[PDB]
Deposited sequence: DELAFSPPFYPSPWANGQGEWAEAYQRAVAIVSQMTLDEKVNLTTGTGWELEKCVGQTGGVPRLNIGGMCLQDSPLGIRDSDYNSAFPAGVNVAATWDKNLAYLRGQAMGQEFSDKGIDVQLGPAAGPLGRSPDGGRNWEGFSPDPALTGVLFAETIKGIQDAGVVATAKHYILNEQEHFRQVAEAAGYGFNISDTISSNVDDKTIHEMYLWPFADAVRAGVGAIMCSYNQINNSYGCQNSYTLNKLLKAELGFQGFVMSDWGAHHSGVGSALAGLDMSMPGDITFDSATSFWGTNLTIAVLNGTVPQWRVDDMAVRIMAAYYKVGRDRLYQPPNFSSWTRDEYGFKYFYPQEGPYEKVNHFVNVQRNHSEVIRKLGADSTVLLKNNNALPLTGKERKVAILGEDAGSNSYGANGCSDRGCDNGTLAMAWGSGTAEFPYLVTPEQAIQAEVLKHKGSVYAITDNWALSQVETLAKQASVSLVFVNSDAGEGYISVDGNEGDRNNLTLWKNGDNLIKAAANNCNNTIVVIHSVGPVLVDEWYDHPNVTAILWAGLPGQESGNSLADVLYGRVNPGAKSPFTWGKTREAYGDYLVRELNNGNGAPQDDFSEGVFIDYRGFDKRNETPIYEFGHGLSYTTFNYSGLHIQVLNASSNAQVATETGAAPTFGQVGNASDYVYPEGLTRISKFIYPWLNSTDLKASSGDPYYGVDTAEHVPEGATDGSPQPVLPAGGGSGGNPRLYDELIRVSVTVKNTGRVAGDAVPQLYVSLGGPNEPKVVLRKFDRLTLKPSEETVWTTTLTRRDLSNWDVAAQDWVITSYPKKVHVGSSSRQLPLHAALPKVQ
């Protein structure tokens, strides 16, 4: 079986780069803390014991309120009077750094105004190994350069608005199936440990880790480690991914929290680089924790060095100070577990004062504007045979498909969005927010038609084909809506356990489109979906005159779409993944059956880097719509490529901050009423063994602590580390590339120039994206797009050097409008 080698000690923070001020403030306050106070920062207080999806107890003697951590990557979960933004995959479809940022900012503002300290998002893991993976839509794209840039801009927007962002899930959680042992049991499978993603060192560096290096360099304050194992070592105690890759090589200065139920040991995880346990207990409301009491004991008994807990507390306070949360602090003014105005303060056991638990604060501001805009700018026009934009003069409009209409249970009528009923504007699981309302395509397109005194109807039963056919024969234009949904693995909809069982349109979508197109010579298909779907049965039908993919647009869905269909917005989005002829064309199959008996299922990433377009190009397969493809209401020309060549070895010793006293300093204080299931830092008595309750307490302890796990002496800086996101020399700019871009059509709009490189060598993809931008040009207007290639951009990861190297194979650059339409190309000059 795959093996995960050790890397110890867990590196300590050092005030790196833009962290210097936040780290000095964190060390000044952590220095004042007792051991039980430090431990309070590191451990949640128990599932649904307070207000937020995750919440720590804070340090009240030092005026630090408990840290409130809340989903989701696309808006506040489990709350009220908040907005529901389009999903991360829509941000990927915009290819628009500025919109990713502005969406970050608007979410940060709403979370901050609910008294939330830490947003659990954005996501870049899953990256998207498999097109049917259940959570790819929360992240961005299976391409690392596109994902890493939009991930980083999202982070910066959220943190500039004063909320800590949490880059998740770290790392290789590329499928829902078998990701948790209790979930698998509920779905009929008996496994002893979760699925192990088994991945070679070059692949992890070139693909899955690269957006985390961007998040790190962009200043992300938190990282959430993942439920799966990596080479048979759990993500939240994997010393290789956490100590070596994240903290030593990428130089991460913030804190690593567990995913909920992903914490699997106290001592093991603390020494392997975990800093925060969520929701704080061992299983939900077990009243036991691998940390809390147990971590205070682990330090008192000498097994976890003081410097390790001290560094947890410094990383946690430093992220909180880095975003300025201290200046915006207020306790969470809502409850994730009830919408009632009043309730017992501690929800799960219904204890504590009976008091106001919701204040109904309306944090929406004018955020519907950025959502409606980001929806229109993420609507990919895949096909347009001169059918769009509409004019408003069409005499009779047929709106067809359940995906155009209302969810009959209300927009929030399925818990965590766990159904696919009515228009699909948000997929399911934790990656969700309550809509404040939901504008359906039916509502916005019928309003638009009635404004022009046209005739219009909506048929929203996809087996009502008699009516579809009759109305399609009478219509000037048939707008046909179809979807495909997916989500987090703890929910199953129609037997899809988070992951999609296939890429075919749900709810009779293919037959609905063929019924319309058999009868209307102007059939326009609109797809809402978590990722690609199969279109081969109808996309080339002669009466299908346009096709659009609008992703998961959030609350302004129908208005975002109408703006595009009626020409208020000229679509600029590009596909952020590949649209293949068959599921086989993508390869990268999910592990859907036990393959290691009743042990952990083994998920070998045997394709290496060759996911999505890199795999189609390697196999010489032709996509229907390639990565980077999207049309516009105008045309663009690219010409005039020009290329120009441009002109610490050790750490400190681990520090300790403050003093640790005797056990009797950490016994429960006598005036305090202990709330049932609440997780505390304190001991029942000075008897360490008895207060831990651990059946393994004090047995074979040293043989269970890896060599070096307690070494606080100065360490070597890795060749590829020493900076933020990697050695700073990786970010030196080596080549500048320019091209001229002209709008040669009649409509103002945006181009998305894309710069790919070919790094050369027998095992490298033919082309890999490295730069892009989204440039607004009026008709006939031109501009020069200039960008630069860094040392990292031209490197490959060398497993023998443990470093990025520019290999000696000759490299080329290609610029154009998609991964398959690259009219400009040149050999690059040799650089090192």
| Which parts of the deposited sequence have no C-alpha atoms in the model? | 1-2, 650-656
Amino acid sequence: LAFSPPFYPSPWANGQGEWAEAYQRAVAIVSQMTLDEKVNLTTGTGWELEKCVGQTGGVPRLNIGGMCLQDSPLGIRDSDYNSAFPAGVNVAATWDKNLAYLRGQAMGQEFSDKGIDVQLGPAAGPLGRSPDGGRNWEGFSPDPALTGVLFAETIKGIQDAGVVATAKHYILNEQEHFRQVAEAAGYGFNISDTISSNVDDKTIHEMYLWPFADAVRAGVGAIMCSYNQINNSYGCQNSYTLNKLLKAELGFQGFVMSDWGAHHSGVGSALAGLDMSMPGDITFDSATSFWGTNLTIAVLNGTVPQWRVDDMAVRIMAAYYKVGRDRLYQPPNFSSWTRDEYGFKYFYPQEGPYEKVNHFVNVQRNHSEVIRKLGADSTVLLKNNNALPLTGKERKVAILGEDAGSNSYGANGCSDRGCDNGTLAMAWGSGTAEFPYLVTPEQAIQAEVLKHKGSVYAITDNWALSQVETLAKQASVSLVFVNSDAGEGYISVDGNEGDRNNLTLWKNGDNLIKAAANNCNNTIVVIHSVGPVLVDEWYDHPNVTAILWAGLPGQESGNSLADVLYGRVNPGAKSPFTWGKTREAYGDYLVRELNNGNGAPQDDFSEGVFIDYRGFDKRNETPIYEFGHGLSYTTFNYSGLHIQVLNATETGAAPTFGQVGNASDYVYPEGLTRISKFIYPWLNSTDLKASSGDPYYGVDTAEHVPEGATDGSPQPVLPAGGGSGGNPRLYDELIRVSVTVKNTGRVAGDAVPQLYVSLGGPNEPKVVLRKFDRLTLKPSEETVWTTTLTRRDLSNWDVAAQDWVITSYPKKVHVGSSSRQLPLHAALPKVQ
From here on, numbers count along this sequence of modelled residues.
| task | Would you tell me which stretch averages the higher CA B-factor in the PDB entry, 254-262 or 350-358? | result | 350-358
| said: Regarding 158-166 and 517-525, which shows the higher C-alpha temperature factor on average in the entry? | reply: 517-525
| query | Based on the PDB record, which member of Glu537, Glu176, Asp563, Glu626 exhibits the highest Cα temperature factor? | reply | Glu537
| said: For the CA B factor values reported in this entry, which option in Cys68, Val768, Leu777, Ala28 has the top one? | reply: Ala28
| query | Relative to the other modelled residues in the chain, which third contains the C-alpha temperature factor of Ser72: lowest, middle or highest? | reply | lowest
| Is the Cα B-factor recorded for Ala92 in the lowest, middle or highest third of its chain? | lowest
| For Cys52, the third of its chain into which the C-alpha B factor falls | lowest
| said: Is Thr423 in the lowest, middle or highest third of its chain when residues are ranked by C-alpha B-factor? | reply: lowest
| request: Compare the C-alpha B factor of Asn662 with those of the other modelled residues in its chain, then answer lowest, middle or highest third. | output: highest
